[PDB]
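As stored in start24.cif (mmCIF, C-alpha atoms and all ligand atoms):
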data_data
loop_
_atom_site.group_PDB
_atom_site.id
_atom_site.type_symbol
_atom_site.label_atom_id
_atom_site.label_comp_id
_atom_site.auth_asym_id
_atom_site.auth_seq_id
_atom_site.Cartn_x
_atom_site.Cartn_y
_atom_site.Cartn_z
ATOM 1 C CA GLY A 1 -13.682 7.114 22.160
ATOM 2 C CA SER A 2 -9.944 6.754 22.646
ATOM 3 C CA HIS A 3 -8.612 3.588 24.279
ATOM 4 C CA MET A 4 -5.315 3.199 26.122
ATOM 5 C CA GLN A 5 -4.233 0.656 23.468
ATOM 6 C CA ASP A 6 -4.597 3.100 20.550
ATOM 7 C CA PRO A 7 -1.019 4.511 20.662
ATOM 8 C CA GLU A 8 0.533 1.033 20.614
ATOM 9 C CA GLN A 9 -1.812 -0.192 17.876
ATOM 10 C CA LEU A 10 -0.957 2.903 15.836
ATOM 11 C CA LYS A 11 2.741 2.041 16.249
ATOM 12 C CA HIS A 12 2.019 -1.355 14.693
ATOM 13 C CA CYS A 13 0.212 0.444 11.861
ATOM 14 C CA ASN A 14 3.209 2.744 11.397
ATOM 15 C CA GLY A 15 5.460 -0.312 11.204
ATOM 16 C CA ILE A 16 3.260 -1.843 8.508
ATOM 17 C CA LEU A 17 3.328 1.444 6.588
ATOM 18 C CA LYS A 18 7.126 1.576 6.768
ATOM 19 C CA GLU A 19 7.246 -2.009 5.477
ATOM 20 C CA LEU A 20 4.894 -1.217 2.575
ATOM 21 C CA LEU A 21 7.244 1.624 1.571
ATOM 22 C CA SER A 22 10.435 -0.445 2.007
ATOM 23 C CA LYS A 23 12.773 -1.852 -0.642
ATOM 24 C CA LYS A 24 11.578 -5.401 0.138
ATOM 25 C CA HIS A 25 8.240 -4.682 -1.586
ATOM 26 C CA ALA A 26 9.238 -1.974 -4.075
ATOM 27 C CA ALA A 27 8.802 -4.183 -7.155
ATOM 28 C CA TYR A 28 5.020 -4.154 -6.618
ATOM 29 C CA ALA A 29 4.445 -1.244 -4.190
ATOM 30 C CA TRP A 30 5.627 1.551 -6.492
ATOM 31 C CA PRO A 31 2.215 2.324 -8.130
ATOM 32 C CA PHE A 32 0.894 3.157 -4.643
ATOM 33 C CA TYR A 33 3.666 5.506 -3.454
ATOM 34 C CA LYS A 34 2.090 8.775 -4.644
ATOM 35 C CA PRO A 35 -1.349 10.089 -5.662
ATOM 36 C CA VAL A 36 -2.457 8.911 -9.088
ATOM 37 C CA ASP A 37 -1.602 11.738 -11.500
ATOM 38 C CA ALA A 38 -4.557 11.024 -13.742
ATOM 39 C CA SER A 39 -3.825 13.689 -16.357
ATOM 40 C CA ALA A 40 -0.148 12.727 -16.634
ATOM 41 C CA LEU A 41 -1.099 9.065 -17.107
ATOM 42 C CA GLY A 42 -3.866 9.759 -19.624
ATOM 43 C CA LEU A 43 -6.512 8.432 -17.221
ATOM 44 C CA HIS A 44 -8.976 11.211 -17.954
ATOM 45 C CA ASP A 45 -11.912 9.357 -16.362
ATOM 46 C CA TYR A 46 -10.074 8.518 -13.121
ATOM 47 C CA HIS A 47 -11.703 11.195 -10.960
ATOM 48 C CA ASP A 48 -15.150 10.473 -12.381
ATOM 49 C CA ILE A 49 -14.800 6.833 -11.265
ATOM 50 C CA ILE A 50 -12.707 7.255 -8.085
ATOM 51 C CA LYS A 51 -14.377 9.766 -5.793
ATOM 52 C CA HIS A 52 -11.959 9.273 -2.848
ATOM 53 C CA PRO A 53 -8.355 8.873 -4.037
ATOM 54 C CA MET A 54 -5.843 7.427 -1.580
ATOM 55 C CA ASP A 55 -2.159 6.451 -1.700
ATOM 56 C CA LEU A 56 0.675 5.607 0.681
ATOM 57 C CA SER A 57 2.168 9.122 0.790
ATOM 58 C CA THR A 58 -1.210 10.431 1.964
ATOM 59 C CA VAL A 59 -1.462 7.656 4.580
ATOM 60 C CA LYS A 60 2.043 8.611 5.729
ATOM 61 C CA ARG A 61 1.139 12.303 6.042
ATOM 62 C CA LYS A 62 -1.990 11.415 8.018
ATOM 63 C CA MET A 63 0.044 9.195 10.354
ATOM 64 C CA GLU A 64 2.721 11.865 10.869
ATOM 65 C CA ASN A 65 0.049 14.505 11.595
ATOM 66 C CA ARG A 66 -1.800 12.255 14.092
ATOM 67 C CA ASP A 67 -4.871 12.362 11.846
ATOM 68 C CA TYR A 68 -5.623 8.668 12.414
ATOM 69 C CA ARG A 69 -7.030 8.191 15.897
ATOM 70 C CA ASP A 70 -7.031 4.379 15.822
ATOM 71 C CA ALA A 71 -5.909 1.376 13.802
ATOM 72 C CA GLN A 72 -9.300 0.851 12.158
ATOM 73 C CA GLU A 73 -9.203 4.356 10.667
ATOM 74 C CA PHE A 74 -5.734 3.687 9.235
ATOM 75 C CA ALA A 75 -6.773 0.307 7.811
ATOM 76 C CA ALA A 76 -9.829 1.795 6.112
ATOM 77 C CA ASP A 77 -7.613 4.223 4.169
ATOM 78 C CA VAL A 78 -5.138 1.526 3.113
ATOM 79 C CA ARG A 79 -8.040 -0.646 1.964
ATOM 80 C CA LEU A 80 -9.636 2.308 0.150
ATOM 81 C CA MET A 81 -6.409 2.700 -1.841
ATOM 82 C CA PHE A 82 -6.533 -0.947 -2.935
ATOM 83 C CA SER A 83 -10.277 -0.824 -3.652
ATOM 84 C CA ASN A 84 -9.779 2.177 -5.927
ATOM 85 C CA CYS A 85 -7.314 0.083 -7.947
ATOM 86 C CA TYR A 86 -9.755 -2.840 -8.155
ATOM 87 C CA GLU A 87 -12.562 -0.471 -9.180
ATOM 88 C CA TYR A 88 -10.743 1.518 -11.866
ATOM 89 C CA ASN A 89 -8.687 -1.128 -13.688
ATOM 90 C CA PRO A 90 -9.628 -4.390 -15.406
ATOM 91 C CA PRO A 91 -8.868 -7.351 -13.130
ATOM 92 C CA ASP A 92 -6.067 -8.676 -15.379
ATOM 93 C CA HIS A 93 -4.153 -5.358 -15.366
ATOM 94 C CA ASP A 94 -0.599 -5.586 -14.043
ATOM 95 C CA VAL A 95 -1.310 -2.822 -11.520
ATOM 96 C CA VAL A 96 -4.081 -4.999 -10.069
ATOM 97 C CA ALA A 97 -1.647 -7.921 -9.772
ATOM 98 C CA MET A 98 0.697 -5.614 -7.864
ATOM 99 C CA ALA A 99 -2.148 -4.356 -5.648
ATOM 100 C CA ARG A 100 -3.130 -7.912 -4.717
ATOM 101 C CA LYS A 101 0.422 -8.740 -3.649
ATOM 102 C CA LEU A 102 0.850 -5.542 -1.617
ATOM 103 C CA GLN A 103 -2.566 -5.999 -0.020
ATOM 104 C CA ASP A 104 -1.547 -9.516 1.028
ATOM 105 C CA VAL A 105 1.492 -8.001 2.774
ATOM 106 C CA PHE A 106 -0.808 -5.501 4.468
ATOM 107 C CA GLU A 107 -3.609 -7.839 5.524
ATOM 108 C CA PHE A 108 -1.402 -10.579 6.930
ATOM 109 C CA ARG A 109 0.627 -8.155 9.050
ATOM 110 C CA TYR A 110 -2.406 -6.092 10.107
ATOM 111 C CA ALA A 111 -3.909 -9.358 11.362
ATOM 112 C CA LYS A 112 -0.870 -9.685 13.698
ATOM 113 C CA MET A 113 -1.944 -6.560 15.616
ATOM 114 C CA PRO A 114 -0.624 -6.854 19.217
HETATM 115 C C1 LIG B 201 -2.609 3.296 -8.606
HETATM 116 N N1 LIG B 201 -2.059 3.505 -9.943
HETATM 117 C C2 LIG B 201 -0.855 4.035 -10.247
HETATM 118 N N2 LIG B 201 -0.605 4.059 -11.541
HETATM 119 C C3 LIG B 201 -1.721 3.515 -12.097
HETATM 120 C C4 LIG B 201 -2.635 3.168 -11.147
HETATM 121 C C5 LIG B 201 -3.896 2.570 -11.473
HETATM 122 O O1 LIG B 201 -4.806 2.258 -10.695
HETATM 123 N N3 LIG B 201 -4.033 2.382 -12.840
HETATM 124 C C6 LIG B 201 -3.131 2.701 -13.831
HETATM 125 O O2 LIG B 201 -3.352 2.441 -15.005
HETATM 126 N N4 LIG B 201 -1.942 3.302 -13.432
HETATM 127 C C7 LIG B 201 -0.913 3.601 -14.431
#

For this file, write the structure as structure tokens.
Ligand SMILES: Cn1cnc2c1c(=O)[nH]c(=O)n2C
Amino acid sequence: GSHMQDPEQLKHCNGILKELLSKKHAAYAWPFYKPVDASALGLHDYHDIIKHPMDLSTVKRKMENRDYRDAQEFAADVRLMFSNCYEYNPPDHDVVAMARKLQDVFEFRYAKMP
């Protein structure tokens, strides 16, 4: 059920999303900008292992379209994106190191929800 605080909490989520996409974090956010193109990258098992792909452009579309009804729904998708990275790749992969840094940006600012 919708709460009067949901619009304002979703604005905080939108601010986080804008930050994740910003130049400040681009050195480690870039693998998460667009859907994984598994065929182009030679990752021919990606869709056998990752049943629910997610990326920041999809989060952005869902925000713009008012798909997310509350902050928890938004956070679940961002976390799904990171989890997919932790599931698919070995833990010493550079993309995992980038995911951990971007997730730290996300989690610390999400925790500051007004
Ligand atoms: C999210 N993303 C974007 N590019 C990649 C990945 C990944 O998980 N593994 C991986 O190997 N590559 C190249």

Where does the PyMOL selection byres (((chain A and resi 1-3) around 9) and not hetatm) land in this file, that is, which residues does it pick, as a ChimeraX atom specification? /A:4-7,69-70

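The neighbours of residue A:64 here are the residues that come within 12 Å of it, using all atoms listed in the file and leaving out any residue fewer than 5 positions away in the same chain; they are residues 10, 11, 13, 14, 17, 18, 57, 58, 59, 69 and 74 of chain A.
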
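Put simply, atom CA of residue A:54 is 13.0 Å away from atom CA of residue A:99.
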
Distance atom CA of residue A:50-atom CA of residue A:28, one decimal place? 21.1 Å

In terms of the shortest atom-to-atom distance over only C-alpha atoms, which of A:78, A:92, A:34, A:98 is closest to residue A:63? A:78

What residues come out when you apply the PyMOL selection byres (((chain A and resi 76) around 12) and not hetatm) to this file, written as a ChimeraX atom specification? /A:13,52,54-55,59,68,70-75,77-83,106-107,110

Give me, as a PyMOL selection string, the set of residues whose atoms come within 8 Å of any atom of ligand LIG 201 (chain B), counting only C-alpha atoms and all ligand atoms. chain A and resi 30-32+34-37+41+43+55+81+84-86+88-89+93+95-96

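With all atoms listed in the file as the basis for measurement, A:114 is the residue among A:103, A:87, A:114, A:42 that approaches residue A:12 most closely.
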
Residue nearest residue A:19 - candidates A:40, A:56, A:111, A:97, atoms counted: all atoms listed in the file: A:56

One residue among A:26, A:39, A:109, A:33 is nearest to residue A:61 when using all atoms listed in the file, and that residue is A:33

Separation of atom CA of residue A:8 from atom CA of residue A:20, in Å and rounded to one decimal: 18.7 Å

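Proximity to residue A:25 was assessed for A:102, A:108, A:62, A:113 counting all atoms listed in the file; the smallest distance is recorded for A:102.
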